[PDB]
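Chemist: Mind having a look at this structure? Questions to follow.
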Amino acid sequence: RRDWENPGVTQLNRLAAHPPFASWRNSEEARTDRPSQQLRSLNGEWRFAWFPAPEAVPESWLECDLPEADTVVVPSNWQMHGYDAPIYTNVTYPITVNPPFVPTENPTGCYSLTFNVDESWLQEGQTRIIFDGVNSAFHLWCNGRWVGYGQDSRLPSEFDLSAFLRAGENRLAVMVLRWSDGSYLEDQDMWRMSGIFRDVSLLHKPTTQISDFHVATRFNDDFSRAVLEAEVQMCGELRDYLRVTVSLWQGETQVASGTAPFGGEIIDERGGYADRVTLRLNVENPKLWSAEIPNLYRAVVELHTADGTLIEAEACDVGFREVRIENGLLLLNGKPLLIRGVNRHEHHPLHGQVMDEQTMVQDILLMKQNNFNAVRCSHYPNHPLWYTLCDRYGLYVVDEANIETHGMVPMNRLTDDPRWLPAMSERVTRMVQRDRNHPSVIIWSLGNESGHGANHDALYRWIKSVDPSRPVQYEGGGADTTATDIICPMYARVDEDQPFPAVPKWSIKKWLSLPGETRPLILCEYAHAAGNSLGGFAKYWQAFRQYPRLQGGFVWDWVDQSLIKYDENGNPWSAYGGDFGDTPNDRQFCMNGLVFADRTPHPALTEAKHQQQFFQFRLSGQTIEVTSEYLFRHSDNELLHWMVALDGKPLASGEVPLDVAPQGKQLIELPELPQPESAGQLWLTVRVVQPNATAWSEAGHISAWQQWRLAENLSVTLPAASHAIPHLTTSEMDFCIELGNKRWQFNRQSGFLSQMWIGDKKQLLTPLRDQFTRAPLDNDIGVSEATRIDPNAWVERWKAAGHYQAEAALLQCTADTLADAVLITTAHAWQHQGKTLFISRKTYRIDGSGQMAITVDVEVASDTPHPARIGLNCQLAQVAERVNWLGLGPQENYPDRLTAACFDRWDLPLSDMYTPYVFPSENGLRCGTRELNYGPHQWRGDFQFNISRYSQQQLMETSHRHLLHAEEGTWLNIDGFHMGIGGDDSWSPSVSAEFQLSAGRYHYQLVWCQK
Amino acid sequence: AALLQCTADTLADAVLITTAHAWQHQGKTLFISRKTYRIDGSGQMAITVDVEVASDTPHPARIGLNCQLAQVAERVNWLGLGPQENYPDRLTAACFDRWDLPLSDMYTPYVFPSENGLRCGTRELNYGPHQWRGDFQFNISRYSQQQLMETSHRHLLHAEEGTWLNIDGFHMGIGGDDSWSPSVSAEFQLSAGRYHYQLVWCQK
Ligand SMILES: [Mg+2]
Ligand SMILES: [Mg+2]
Ligand SMILES: [Mg+2]
Ligand SMILES: [Mg+2]
Ligand SMILES: [Mg+2]
Ligand code: NA
Ligand code: NA
Ligand code: NA
Ligand code: NA
Ligand code: NA
């Protein structure tokens, strides 16, 4: 019947969806969420055989093991075991678009397992098998007999096996199809894999059982009182002696308990639900749940007889919180939220899409430690443990239906088609039925990038109808359709409109006030983090804080979707689209996370942490004003450390306890500070420290910081008259300056400093020359390709203008001797096709102190695309261990992404001055630097710089980081100016005007000397 | 202005004068100005100016040079934004072109005297036998900034000897969102800390 090519058949003999069950036969166990002997895990070693198509599967496989089969671990994605290749495609479907058909060559994975079942499980009750996740469709057999079928790769499919099992050994056979009509609703931008990638378990339930239960919490006006309402449903034989008891606990303290026989209130002309009952429990002064303070209660649901015999018990963690939209604002417990969120795909560099507790906990800790309070399940229901962790650790969750049809044309071709409504409805309804009791879930999403169809409006209303406790959002069709309670655009900019036809992305500030608009705005996706990105992140947060209805967004995204591969020598390396022979593919577009696949932070993560801080600061004289952005908690685990330093040299510091109420302020007056002796700029740095450890952080954790320039005393003292005077030697080929053990060689043909000597040791491997280009960042490239060039992308504009091929034409090179120094004057023209792009005019002044002052003045043709940078570069002959500098750091920072960096004296091993982006590009820049020390060299001024063993040329010509080779010496790039990196999105120019080098004329000066 | 340095050097085809000044008040260094004057065999004087502004001092109204010329000419010819008075935050209406007006038009008769007549984005200025070239803002009139500041009514202003010239590498915005509180937007305040501009003074 080819059920996998029929959207009308999404399952066969599958049991109803429901909240997590464990069927405890002991109430204390249910209260403490301890393991249940009735819920068995079937994870572990299974038998597996790969086939090119279901027609290739031998009928013998149903009755017994295939000798050809291998023993593999389950859960897993069979691509991770190397049976076939994982495919990385963004929008374009991995299969020919011909709904509801899939390729005849359909990779088929045959899983089997021989397992034991005790007769006690079969003598009474019901035994069901639970598949938490099977990608993308499968048929199930037990002991050779067909059981059922199921689709939707991200929700559990359960089947009753009571009539198929026997005491002792039993064998399951699962035929998993890689492609199915379900694949048409699973076009998410991620690796396309398959298999039994989530847990498999067996659950025993009594015949008379709890088949479902919904927990809800209502409050009075000030949240000082609440009522917990628990609707319980049963299956099996109704008996007057049956009872349901619901008890609520706060730790080991029982807060409330209620008991009642089955029989619900009258519903309509035919009566009510004889198989249901609703318990209502009053709770005075409830401890409220929030991401700030994840207070949780435990609700235990007991099904028992009047005489007191327990039949079975179920339970869940309960978080008392109200979520509602009022007067245009999304409120949690009556307070307006500020969503510091991120989109998070379920991805592991080694295990593919199989999630484990350790990885989940690690992600959550990193998120909270970096000031994130919310996560969007892009773009499907997650592993069930994810919600439990978010409930307990405290994170707001957007639960999203597994529906994405991005590849359709138009995007809503299937979602506006009534014939696909059934399939879509199951993806939404079964998600709600499964996760509705989790307090962490505060918003339901109808899916992602599937246009806007009538099916969306229908399902939007279904959710509003069945669960009025949570708002529903959906971005498809313009981000503000009738299917969303929240304006949730993706990549809409702060001030710039992008008036696309039909689905425009208005400036978020403008969007809010469009005629008749009243809803809150929270970006479902923003700040695309591809490689060296997040430029302009501060601009979003300034807007979020100033506009009440701009309530945040979810960054795109958490982790790079890179996979590990091994070279000829067995060494591991990060691979992306196309590295598995997969084609077509979208190469490196699968990597745009704030952290590498192994969870190591990208530099951009700290920018996010700083901008998402929960404490705001203002300075006025000696008074520091601390304002709390917390909505519910007092600062009961925070103290403020302050430090005043003169050009990196500490002069004073101290610490004051923070005692600020949510939304409150605290004034802190700094002690009378003694005036410094030497000249320089005094800097004030404050940081909030958490003295005590928490569930998500260690003692001493820094949660926020800020800096201010205090008094500055300009140096007005002149340097003592030098002893010696530099000697100039003029030859037809060079201008040589000599002073003591130092020598400078200027080539008169090139007009550049070609060599410098300290003693008899050469200091340069490559002359010191102007540089106006950079190895293109992901944002500079966009979607441009050699086969499909995007003339609008920055990299293409630079290439077309000849920025990368420009040659220096010497216009002037002269030498002059002064009373105490030698002055070399040069002028160069960079041309391409007879076009003068840039003109650099310089003067080098070498005086008796051995210092070389370089003054640079550049002209940039107003009609050439603004250059990526304006500076100098050279390859130093030396390689040192440390890099010391007075400036912004310690991490990588660019003009439009340097708010998190702090001005101070930093010292790091050379290696930390290089950022290992999987896709090589300009990196490691540090801005606002007044002094740089490397080996025997020191550079002073006011510049930006990067230093590493990789030339810009190599970074630009290398596709993967593991292919980079350290070059001889050290490449130094010192810029007077550097273009922003952008990142509002990665398919169009996103560098704001104020961060583009458009002045036309630029000036900077550097002093080079021996440290 | 406290003088910190003033040297003279003779080059292959020119004379180079280098100076350094520090403007102080109550022992506080407000601004430091470093310059070089290069006079070549063609009679042109190239002036390079580099200024440091203490970060803790209120951002300055302008950063430039001024002097009282001995001559009084009838016309002012310039290649820049014009023809009317324009400032950094009020120059959108002005157009870049070659303008030529009588001296009086380079002065705006505001009833209450103040800085006025500025023209921005100017690459060349011509007055009498003088010619200034670069990328600066300037105003030129028979009234000193001092007189303008000390005179309450325009009718009480008297033309001074010669002509007062104010050439700025940079000039602060004039603001105006209201007139009882600071209204010059951040992007138009001179808060960069370090400023650079260059001019060539010659005779034509
Ligand atoms: Mg089907
Ligand atoms: Mg047997
Ligand atoms: Mg998509
Ligand atoms: Mg800051
Ligand atoms: Mg205009
Ligand atoms: Na807001
Ligand atoms: Na991507
Ligand atoms: Na505290
Ligand atoms: Na590259
Ligand atoms: Na006046």
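From first to last, the protein sequence lines stand for chains A and B. Numbering (UniProt numbering) for the first sequence: 14 to 1024. Numbering (UniProt numbering) for the second sequence: 821 to 1024. Using N, Cα and C, we set each Cβ at its ideal position, and we do this for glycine too.
1) So, helix, strand or coil for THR291/A, using DSSP?
2) Within this structure, are the beta carbons of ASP212/A and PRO88/A separated by less than 8 angstroms?
3) DSSP state of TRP1021/B, grouped into three classes?
4) Which residues in the same chain have their Cβ closer than 6 angstroms to the Cβ of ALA62/A, if we skip the five residues on either side of it in sequence?
5) Assign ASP595/A to buried or exposed, taking buried as 16 or more other Cβ atoms, counted over all protein chains shown, within 10 Å of its Cβ.
6) Give me, in chain order, the residues of the same chain whose beta-carbon lies closer than 7 angstroms to that of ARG974/B; leave out the 5 immediate sequence neighbours on both sides.
7) Which same chain residues end up closer than 7 angstroms to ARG158/A when comparing Cβ atoms and leaving out the 5 residues on each side of it in sequence?
8) Could you pull the DSSP bridge partners for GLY57/A from this structure?
9) Is the beta carbon of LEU968/B within less than 7 angstroms of some heavy atom of ligand 10?
10) Find out if the Cβ-Cβ distance for the pair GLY407/A, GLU278/A is shorter than 8 angstroms.
11) Note the first and the last residue of the continuous beta strand (DSSP E) segment covering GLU242/A.
12) Measuring CA to CA, which of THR868/A, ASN650/A, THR983/A, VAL441/A is closest to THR856/A?
13) Can you tell me whether DSSP reads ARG943/B as helix, strand or coil?
14) Within 10 angstroms of the Cβ of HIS845/B, are there 16 or more other Cβ atoms? Answer buried if so, exposed if not.
15) DSSP on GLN375/A, reduced to helix/strand/coil?
16) List the residues of chain A that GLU872/B touches, going by C-beta distances under 8 angstroms, in chain order.
17) Taking the straight line between their C-alpha atoms, what separation do you get for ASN468/A and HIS879/A?
18) Among the candidates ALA1006/A, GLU171/A, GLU690/A, whose CA atom is the shortest distance from the CA of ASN726/A?
19) Taking 6 angstroms as the limit between beta carbons, can you name the residues of its chain near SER853/B, skipping five residues before and five after?
20) Between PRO484/A and ligand 9, is there a pair consisting of the residue's CB and a ligand heavy atom that are separated by less than 7 angstroms?
21) For the candidate residues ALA1006/B, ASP876/B, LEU985/B, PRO922/B, whose alpha-carbon lies nearest to that of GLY995/B?
22) Name the chain B residues whose beta carbon is nearer than 9 angstroms to that of residue 1045/A?
23) If you scan the segment 435 to 479 of chain A from start to end, which runs of the alpha helix (DSSP H) of 4 or more residues do you find wholly inside it?
24) List, in chain order, every chain B residue whose beta-carbon is nearer than 8 angstroms to that of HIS1016/A.
25) Is the beta carbon of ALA273/A less than 8 angstroms from the beta carbon of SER260/A?
26) Would you say the segment 318 to 332 of chain A touches the segment 526 to 546 of chain A, given that touching needs at least three Cβ pairs under 8 angstroms?
27) What residue range does the alpha helix (DSSP H) around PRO397/A cover?
28) Quick check on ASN959/A: buried or exposed, where buried means 16 or more other Cβ atoms within 10 Å of its Cβ?
29) Mind listing the chain B neighbours of residue 3/A? Cutoff is C-beta to C-beta under 7 angstroms, in chain order.
30) Considering only DSSP beta bridges, list what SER853/B is partnered with.
31) At a cut-off of 7 angstroms, is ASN705/A close to ligand 8 when judged by its beta-carbon and the heavy atoms of the ligand?
32) Any heavy atom of ligand 6 within a distance shorter than 7 angstroms of the CB on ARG353/A?
33) Spell out whether any CB of chain A is found under 8 angstroms from the CB atom of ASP988/B.
34) Leaving out five residues on either side along the sequence, give the residues of the same chain with a beta carbon under 7 angstroms from the beta carbon of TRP192/A.
35) If you compare alpha carbons, which of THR942/B, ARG882/B, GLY900/B, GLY948/B is closest to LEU1010/B?
36) Give the straight-line distance between the Cα atoms of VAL701/A and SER546/A, rounded to the nearest whole angstrom.
Modeler: If we stick to the structure as given:
1) strand
2) yes
3) strand
4) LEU79, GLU81, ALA82, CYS123
5) buried
6) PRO929, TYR930, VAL931, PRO933
7) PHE177
8) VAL87/A
9) yes
10) no
11) 238 to 248
12) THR868/A
13) strand
14) exposed
15) helix
16) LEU727
17) 47 angstroms
18) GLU690/A
19) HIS841, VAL871
20) no
21) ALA1006/B
22) For chain A, the structure presents residues 14 to 1024; residue 1045/A sits outside this window and is missing.
23) 467 to 479
24) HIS1016
25) no
26) no
27) 397 to 406
28) buried
29) An answer regarding residue 3/A cannot be provided, because it is not within the stretch 14 to 1024 covered by chain A.
30) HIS841/B, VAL871/B
31) no
32) no
33) no
34) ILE108, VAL115, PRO116, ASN119, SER149
35) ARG882/B
36) 26 angstroms
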